[PDB]
Amino acid sequence: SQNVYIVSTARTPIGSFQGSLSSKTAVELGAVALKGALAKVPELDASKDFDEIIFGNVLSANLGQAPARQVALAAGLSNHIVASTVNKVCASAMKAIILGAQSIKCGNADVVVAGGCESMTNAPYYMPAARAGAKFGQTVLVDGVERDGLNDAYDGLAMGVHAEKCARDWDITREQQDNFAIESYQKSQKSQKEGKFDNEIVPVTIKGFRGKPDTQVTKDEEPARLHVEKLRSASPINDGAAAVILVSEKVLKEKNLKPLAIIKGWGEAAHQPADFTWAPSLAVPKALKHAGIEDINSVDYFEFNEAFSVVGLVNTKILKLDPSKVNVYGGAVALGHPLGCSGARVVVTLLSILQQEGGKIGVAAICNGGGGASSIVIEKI
Amino acid sequence: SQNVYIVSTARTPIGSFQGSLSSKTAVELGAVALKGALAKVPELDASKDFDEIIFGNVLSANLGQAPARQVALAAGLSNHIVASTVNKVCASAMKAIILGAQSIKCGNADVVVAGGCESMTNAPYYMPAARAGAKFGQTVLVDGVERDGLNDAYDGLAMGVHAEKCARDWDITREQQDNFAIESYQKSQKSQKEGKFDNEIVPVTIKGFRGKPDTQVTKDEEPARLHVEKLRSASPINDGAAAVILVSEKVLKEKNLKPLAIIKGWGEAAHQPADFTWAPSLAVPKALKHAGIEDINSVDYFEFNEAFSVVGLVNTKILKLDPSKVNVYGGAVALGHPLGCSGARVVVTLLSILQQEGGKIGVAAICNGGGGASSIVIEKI
Amino acid sequence: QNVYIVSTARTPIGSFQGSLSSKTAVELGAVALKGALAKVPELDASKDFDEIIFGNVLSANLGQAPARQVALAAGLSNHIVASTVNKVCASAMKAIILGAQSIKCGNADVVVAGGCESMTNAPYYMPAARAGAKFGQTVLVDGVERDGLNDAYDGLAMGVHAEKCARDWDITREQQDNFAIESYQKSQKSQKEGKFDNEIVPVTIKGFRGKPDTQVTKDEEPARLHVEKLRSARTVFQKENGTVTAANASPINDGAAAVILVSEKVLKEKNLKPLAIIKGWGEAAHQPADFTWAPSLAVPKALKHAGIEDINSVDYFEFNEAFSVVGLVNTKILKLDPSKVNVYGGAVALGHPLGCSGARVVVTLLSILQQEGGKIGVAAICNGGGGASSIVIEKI
Amino acid sequence: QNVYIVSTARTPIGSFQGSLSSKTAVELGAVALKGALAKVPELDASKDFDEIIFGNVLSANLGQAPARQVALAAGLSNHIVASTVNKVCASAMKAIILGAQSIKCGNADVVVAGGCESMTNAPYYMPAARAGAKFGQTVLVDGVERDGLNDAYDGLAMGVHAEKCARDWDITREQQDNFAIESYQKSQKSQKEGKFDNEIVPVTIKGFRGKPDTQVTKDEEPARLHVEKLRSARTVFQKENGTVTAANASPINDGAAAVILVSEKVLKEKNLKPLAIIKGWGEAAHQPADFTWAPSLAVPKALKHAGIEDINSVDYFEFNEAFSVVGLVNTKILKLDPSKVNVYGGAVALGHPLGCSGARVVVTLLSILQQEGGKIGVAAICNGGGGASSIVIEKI
């Protein structure tokens, strides 16, 4: 019923599993990203202007009460903010943006923080038998990353296993997937070298360990660790956070803010849990229809999360897209996939692409475990 | 921008900690409640008519990928449904209803399942040191119920401790709180005896243990376990689930459904984390304003979750409410408080009160850990 | 140089998660030891006890030096030389043998021997905790299984090897069940007639929150016999064509036992009446899987060591009944009169607290010699790993 | 009846989470034992070994009967009588004493004694796992602390009691540091000159994923000495006015040691050359907190038992240096020539694998007598709980 504008975005670097962000919690990473975003829009006062935060997170175990609430308060936002945490597995942070946009369109909020955070490193092990007792015989300690993040709830198989099934189903070879993975790494490394992520990234302070000096994590860790022979001769596990600030048109005028983009529309779809990898081919058309884009060729750039090579290959094929418009800075296969964050990360990167590569209309898409996908259409100002 | 109707509601009985629902997971309880609700509206086809599920859950550890998704699929809903899980601590299930209503008002869905589920019994223990190793010296196994459910994230104190602080702050004595608790138990027991919960409750099948016969859990477990002397001479830990079905006016006409109530409005507010108990006094006025209710005396019944006695006492006082209109079937202090469920449970019970006690306008409210509260106004048909 | 048993005592044997679940292995050890000390006041706790050697298998979470703790908790002088020994099921018998050897060499004049075990309060282990699990599921190991009940070489339970033994010596389910029933019935009769009353010292259980203290005074397992359910019980170790079940095998149990040994010198100086003389002992081992009939090798060695050249001169036999097959095989191999063997019942009916049973059988044997008019007695116990220990005693 | 040491061997001592982290306690035991067996081929593994008594403190997750596993993994006959003994730090010395007693009584003619320990691979325990935690946080206990390093009565670390000892006998931080430095420097010199080469048998470490196998050939701790950092190291057990630190205390370590004992009879029949004679031994104990100077009580008893009436007739002393204070106090109390004590260094510099150290000091002592031209030697080791063990050997 009314226009929703992105006025600021930021994200942390993406850390490797047990890597450079191991000492940070998911909430701490969330606060860093959000503080990075708030700094760019000082016209919005932290103590009064922010009505709501909706934040993505998948592995909430041991984060404490209300992760989104903690993120807001740690970032210096007023405790009057309405906070909620949302989980749509991989799509969590995208769903947060969509829910934020809906909230603005309904007139129930004027300024919304959306985004997400995840520390897959610091997701704990669970002991299901601890409370009632094991009684006799061995019992299992469950890895929370696997159980709640990476494995399908219905067959127990890892997302990478389902990505392989999808490749077989669409007659995409192992070699094709490897080629694409390698190509994606090289695009990610090149985009890094050329400073393409510099505007979106805010660094993370790492406390020096008992006399060691403090330092900063400034860049995505995963791209430099490509090993071609190993790849040819599955789960990307990562840590990170991303944040975006959404405002109504009204607020944009009263506070004299520069809009970065307008949320034209969004679409969500789902089908068989095992077929999640090509669920974006269902969500994208719904989003384009919602945005009033009749022709798919009017879109300038596409960013899929593309955590697996098959996701990039299949969805481009099904949608009949020009591959030169798709994931021009690389994808999650190379950059990493912090589950609760990635959904907003693709939107952050998409917006950077539109600004830096001279695009006007962009669509972001992300598939999620459970069989779903989410998609958003934005137009640069 | 358009009317949202409740067409069906249901809930499980509320189990005691390590009690009658110990053998059920949060997802299984969710499916029971949702199947209970679907059965009442056969005009809506499970295979085609449901666009979205938004489901509350706080303790997601060891539930598997995407609890809301699992609930939908276990209840027999089509895998085309758009699923997301939301956490607003105690208010989770209320927030789900609000997000569902917003989704309908925006024209992005026509039929939404909202509600929530929780098994505090089967929330696991965590081992934070398991992944990287403990190295040397003792390490702690964390109770997930405490860490993510009951304890405040900022000071680490249980919700009951903050309820006591609130009582001191508003000069409400220990004896007053005990009186109210006891009174609430007796109202809950009486409402149970008179069959007041019979229409909303659907039973839970319990599998008989190796030759023992299967049975059904049909009633709320907590009310019968009142011990007055013990009370006079803190955390209510419970298991359960609740579901509500929301539709647009359009759908209500095309499918020839009987509306039970209309969602007139809602309001959310927050302040200091330690003061969560009287956050409903901020949320209720916002909800009434959103619903266009100028006078608070036009409301016929109030249902607060009222997990602690102080919540009932303080908020009634601050809002200057007629105590005979407030929590006439009792409250969570007596019935129990399954965190991710209670937010929808109060709406379910409120609607039952309006139908059975001859009310037209009702407001439900629920405070949550982190300092927030959510509120909804409904009008019976 | 003669070694005399001067006093014995044991706790009641508690069931798994049963009547002694609130007590640690050390606490049970102290009860048994104090029970034994009380019967010989001539020996002063603060001066006369040179050494303690105490059996225990599951030492995890007991704290530093279980035997030492048992001695000090029982009020013995901190000058006592303390050591803990583990020979699995035969631990406590090995403790007596090592105590005898110590007296024999003149190193000690008064030795406390025995054993204790709380299989209930044995903890779970996390092998991956120290270095980290990194990724993927990891296991919490049950200490009872890993260090007590499972073979170290193939990882199979003692019951699986009891089944192998049943097959190799063609002992049927029927035979085992009848032996089990017999063991229960004898155990119940002995309890009824007070045959364990001299042996047993009660365990005080603390009443929590203001309820009065309660007393555990008898063995918990014998009362559970249900003959019909026993005969139709499922085969637990082998699904198809099995013979061993939960009811014809020894259960998991808690308890302790203690015996006081003295030299001939001390016997005369303190004017103590000796209950028995340690005539000899024998230990043997072979294949781990064949532990069930290792006592048939150990017994002959003990008799030879004692100077008994005809096996029929011994009046009573106490074989630890870890399984019904153990009682049946060793009686058959040694070609013994079954009426001389385990006359008060055995571990199938009374329970099997691993670290304790080795001394428990000696404690009971001595009572049998005193009460049933026997002079010569042999105790024998098999142990996981393929071994067995045996001791010959003569009543004075 | 004479008891002769006929062969000795030990593994290198690995650091905590260090060079032997991939090996279990049993595996290290087998290496040491096989090292010892190799030096006496006249003794056949399949027939001549009657008994094994092996020291081990942290038995959790080792599997049934650690000593038995060590024997069988080393290729000994499954007819061997096996038992595991625990006397905390003195376990392995107690194993030798019990082996000697066994030979002396004629029960055995050839005994394997020694000990093994992997403090690295000792697991964490979960006491609440079996019955359930119910509600609220629960603790995962470090087995190293609970059963190895902490006193059972007050729960304080051995280092806290070492501080008490420093205060009670007025031994300064400076004195301890200088003793520590001295121990490191001697240890390094001995390593340089190959003084441990006869003793030590190397441990093969499996190379994972196609990398070649590697070899651990020397003790890991001695190379870590940094004198300046040692002198300014923080006091770990006592914050204010502390004396004991990480660098002047023994570390946490992995390793194993083995000695082969025979009767005079076997010595002549198999035509073995004896390395030493067990002249005697002595054990004593007192207050748990005073364990550090318990060796000063044990040593006199051993000398009396051996028939040595003047302490100056002994050529070399091996005291286990659990802490720098232990070396200093016991030398002062016994009024010994410090140049006769721990001439190759000690546990502060070499490491202290609890279940192994008791035999390790005997192994090293014997090497000292052979290489430094000594005849009479005494080894002594204190243990948690307030005890100490001591043994007197004479080179042949």
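Here the Cβ is made from the backbone with ideal geometry for all residues, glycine too, and neighbour counts use every protein chain on show. Values in this text are rule-based calculations from the coordinates and carry no lab data.
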Check your understanding: Quick one: of the DSSP bridges fully inside chain B, what percent are antiparallel, nearest 5?
Key -> 70 percent
**Study point:** Protection proxy ranking, peptides A:108-121, B:134-147, average beta carbon neighbours within 10 Å, highest first
**Key:** A:108-121, B:134-147
Practice item. Report relative contact order for segment C:176-278 in percent, whole number only (criteria: Cα-Cα under 8 Å, sequence separation at least 6). Key: 23 percent
Check your understanding: How are the Cα pair distances of segment C:142-260 distributed, in percent, across 10 Å bins from 0?
Key -> 11, 31, 32, 21, 5, 0
Point to revise | Backbone HN-Hα couplings from phi across segment B:365-381 [Karplus 6.51/-1.76/1.60, Hz, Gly and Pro as x] | key: 9, 8, 7, 9, x, x, x, x, 8, 10, 8, 9, 10, 10, 10, 5, 7
Practice item. Could you pull out every residue, at least 5 positions away or on a different chain, whose amide H is within less than 5 Å of the one on C:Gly386? Hs are placed 1.01 Å off N in the peptide plane, and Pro or chain starts have none. Key: C:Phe291
Point to revise | Residue-averaged [θ]222 nm for chain C, counting only DSSP H segments that reach four residues, each worth -39500 (n - 2.57) | key: -9500 deg cm²/dmol
Point to revise | Size-normalised alpha-carbon gyration radius of segment A:181-260, reference 2.2 N^0.38 Å | key: 1.60
Practice item. Round to a whole angstrom and tell me the spacing of the C-alpha centers of segment C:333-369 and segment C:1-68. Key: 19 Å
Point to revise | Using θ = phi - 60° and Karplus 6.51 cos²θ - 1.76 cosθ + 1.60, couplings along segment B:136-149 (whole Hz; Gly, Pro as x) | key: 7, x, 5, 10, 9, 9, 8, 7, x, 4, 5, 5, 9, x
**Study point:** Other-chain or far-sequence residues with amide H under 5 Å of B:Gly56's (modelled H)
**Key:** B:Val86, B:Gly115, B:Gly116, B:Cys117
Practice item. Write down the Å³ per residue value for the convex hull defined by the alpha carbon atoms of the protein assembly as shown. Key: 194 Å³
Practice item. For chain C, give the share of DSSP beta bridges that are antiparallel, in percent and rounded to the nearest 5; count only bridges with both residues there. Key: 70 percent
Check your understanding: Whole-Å semi-axes of segment D:49-129's equivalent ellipsoid, largest first, each the root of 5 times a Cα gyration tensor eigenvalue?
Key -> 25, 14, 9
Study note, to complete from the structure: Computed about the Cα centre, the charge dipole of the protein assembly as shown from +1 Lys/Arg and -1 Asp/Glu charges at the Cβ has a magnitude in debye, to the nearest 20, of 80 debye
Revision key, fill the gap. Scoring segment B:48-102 by relative contact order with C-alpha pairs under 8 Å, at least six apart, yields a percentage of 47 percent
Point to revise | Shielding by partners, peptide A:152-158 (average Cβ within 10 angstrom, other chains) | key: 3
Revision key, fill the gap. Taking alpha-carbon centroids only, segment A:260-309 lies from segment C:142-170 a number of Å equal to 60 Å
Review point. So for the pair B:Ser47, C:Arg234, with labels modelled 7 Å out along Cα→Cβ, what separation do we get in nm?
Key: 4.0 nm
**Study point:** Pairs from C:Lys164/C:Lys229; A:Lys135/B:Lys88; B:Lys212/C:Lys206 whose Cα-Cα separation, in the structure shown, is over 27 Å
**Key:** A:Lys135/B:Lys88; B:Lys212/C:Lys206
Practice item. Give me the compactness ratio for chain D, meaning the Cα radius of gyration over 2.2 N^0.38 Å. Key: 0.94
Check your understanding: So how strong a dipole does segment A:101-250 carry about its Cα centre when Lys and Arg Cβ are +1 and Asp and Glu Cβ are -1, to the nearest 20 debye?
Key -> 480 debye
Review point. Taking H as built 1.01 Å from N, whose amide H comes closer than 5 Å to the amide H of D:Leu272, not counting residues under 5 places away?
Key: none
Check your understanding: In the protein assembly as shown, what % of DSSP beta bridges are antiparallel (nearest 5)?
Key -> 75 percent
**Study point:** Number of partner chain Cβ atoms within 10 Å, mean per residue of D:49-59
**Key:** 2
Review point. Tell me, what HN-Hα J-couplings in whole Hz come from the Karplus equation 6.51 cos²θ - 1.76 cosθ + 1.60 at θ = phi - 60° for each residue of segment B:204-218, using x for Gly and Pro?
Key: 10, 6, 10, 6, x, 8, 6, x, 6, x, 5, 9, 10, 9, 10
Check your understanding: Hey, got the Cα dimensions of segment C:112-162 along the principal axes, in Å, largest first?
Key -> 46, 30, 17
Point to revise | 10 Å Cβ neighbours from other chains, averaged over peptide A:142-150 | key: 5
Check your understanding: Cα centroid distance between segment B:66-84 and segment B:114-185, in Å?
Key -> 30 Å
Practice item. Would you calculate, for chain A, the mean residue ellipticity at 222 nm contributed by helices, counting each DSSP H stretch of 4 or more residues as -39,500 (n - 2.57) and dividing by all residues, to the nearest 500? Key: -10000 deg cm²/dmol
Point to revise | Estimated translational D of chain B in µm²/s (Stokes, Kirkwood radius over Cα pairs; 25 °C; 0.890 mPa s) | key: 118 µm²/s
Study note, to complete from the structure: The size of the Cβ-based charge dipole (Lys, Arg +1; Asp, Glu -1) of segment C:1-69 about the Cα centre, to the nearest 20 debye, is 260 debye
